[PDB]
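A.B. asks: Protein chains in written order, with full-length UniProt numbering: chain B, 236 to 291; chain Z, 125 to 291; chain U, 180 to 235. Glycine included, each C-beta is placed from N, C-alpha and C at the ideal position. Take this structure first; my questions come after.
Written as structure tokens, this is what we have:
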């Protein structure tokens, strides 16, 4: 995509009342927006080329 | 099915380093600060931590289980407070093992009253094989190893029950 | 090296782990060394590990 550099992204699950600490003197891709897991349930990642059909 | 604990590195052989000050409140024993009994937390002596070069040759006839570890401090100040060397390493080697551990310094939430971490490692030392430890700090030196004196069929069963005095 | 060929290329390389710092200077004269390999997908940096090991 016109770039020889690379971005290596990492993730972790931060449990309630736990703290995540960052110390960096360079090359830091600092987080801005996180995600809250407000509802857990039975889901899946389906691999298909189709799109919405406005049905049930 | 059975282990046999042997002393591979005596606690009193650490002349150049402090071996009896590696305790913390996180591991109490009868109201006193203590540590894991099968490893030794070495501390700098007289503000110096000379490079460690210790080796053990498995003169036994059985496979040997050796446990050691590395201590990850909280900040640069604690590293100088305990080992006096800003950059340290632990190199471990056998016929197959080739390992070099570098302490990772990061701010972490307190767990059991401590923010530091103890990362432990292991290897199987075959007979007539020797394990070599070189470290200039952050070394959790082994004291006792485990001899595998009887192999067989067993398992690790997850249950809340306890002994019932039955056959 | 550029894979001007039309087929997939399996490339092999390696790193040397010496016995002590004396051999490192004896063979390469540089105490701290590295090996960086990069492709469109690979981003690897190897650092030699110096330790005392049994003879094989």
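Counting Cβ pairs closer than 8 Å, one from the segment 196-213 of chain Z and one from the segment 264-276 of chain Z, do we hit at least three?
C.D. replies: The answer is no - the segment 264-276 of chain Z does not touch the segment 196-213 of chain Z, with fewer than three Cβ pairs under 8 Å.
A.B. asks: What does residue 223 of chain Z touch in chain U if you count any residue whose Cβ is under 8 Å from its own?
C.D. replies: Within 8 Å Cβ-Cβ: 228 and 230.
A.B. asks: Would you mind reading off the limits of the beta strand (DSSP E) that contains residue 153 of chain U?
C.D. replies: The structure shown does not extend to residue 153 of chain U, since chain U is modelled only from 180 to 235, so the question has no answer here.
A.B. asks: Considering just the uninterrupted stretch of the beta strand (DSSP E) at residue 157 of chain Z, what are its terminal residues?
C.D. replies: Segment 156-158, the beta strand (DSSP E) holding residue 157 of chain Z.
A.B. asks: Let me see if you follow: with CB-CB separation under 8 Å, is residue 149 of chain Z close to chain U or not?
C.D. replies: Chain U contact via Cβ: absent.
A.B. asks: For residue 253 of chain B, count neighbouring Cβ atoms within 10 angstroms of its own Cβ and tell me buried if that reaches 16, exposed if not.
C.D. replies: Exposed is the call here.
A.B. asks: List, in order along the chain, the chain U residues whose C-beta lies closer than 8 Å to that of residue 253 of chain Z?
C.D. replies: What residue 253 of chain Z touches in chain U: 233.
A.B. asks: Determine, using beta carbons only, whether residue 195 of chain U comes closer than 8 Å to chain Z.
C.D. replies: No - not a single Cβ of chain Z is within 8 Å of the one on residue 195 of chain U.
A.B. asks: Pull the bridge partners of residue 196 of chain Z from the DSSP assignment, please.
C.D. replies: Bridge partners of residue 196 of chain Z: Z:241.
A.B. asks: Leaving aside the five residues before and after residue 196 of chain U along the sequence, list all residues of the same chain whose C-beta is less than 6 Å from its C-beta, in chain order.
C.D. replies: Closer than 6 Å at the Cβ level, and outside the excluded window around residue 196 of chain U, lie 227 and 228.
A.B. asks: Counting along the chain, where does the beta strand (DSSP E) carrying residue 165 of chain Z start and finish?
C.D. replies: Here the beta strand (DSSP E) through residue 165 of chain Z covers 163-165.
A.B. asks: Evaluate residue 168 of chain Z with the Cβ neighbour count: other Cβ atoms within 10 Å of its Cβ, from every protein chain shown; 16 or more gives buried, anything less gives exposed.
C.D. replies: It counts as buried.
A.B. asks: Pop quiz: residue 271 of chain Z and residue 127 of chain Z are said to be a contact at Cβ under 8 Å. What is the actual Cβ separation, rounded to whole angstroms?
C.D. replies: About 6 Å separates the two Cβ atoms, so the contact holds.
A.B. asks: In whole angstroms, what is the alpha-carbon distance linking residue 199 of chain Z and residue 192 of chain Z?
C.D. replies: One C-alpha to the other measures close to 22 Å.
A.B. asks: Answer yes or no: do residue 264 of chain Z and residue 189 of chain Z have a C-beta to C-beta separation smaller than 8 Å?
C.D. replies: Result no, Cβ atoms of residue 264 of chain Z and residue 189 of chain Z do not sit closer than 8 Å.
A.B. asks: Quick check on DSSP: helix, strand or coil for residue 144 of chain Z?
C.D. replies: The answer is coil: DSSP assigns residue 144 of chain Z none of H, G, I, E or B.
A.B. asks: Mind checking who residue 254 of chain Z pairs with in its DSSP beta bridge?
C.D. replies: Z:181, per the DSSP bridge assignment.
A.B. asks: Cβ closer than 8 Å: which chain U residues qualify as neighbours of residue 216 of chain Z?
C.D. replies: Those within 8 Å of residue 216 of chain Z in chain U are 230.
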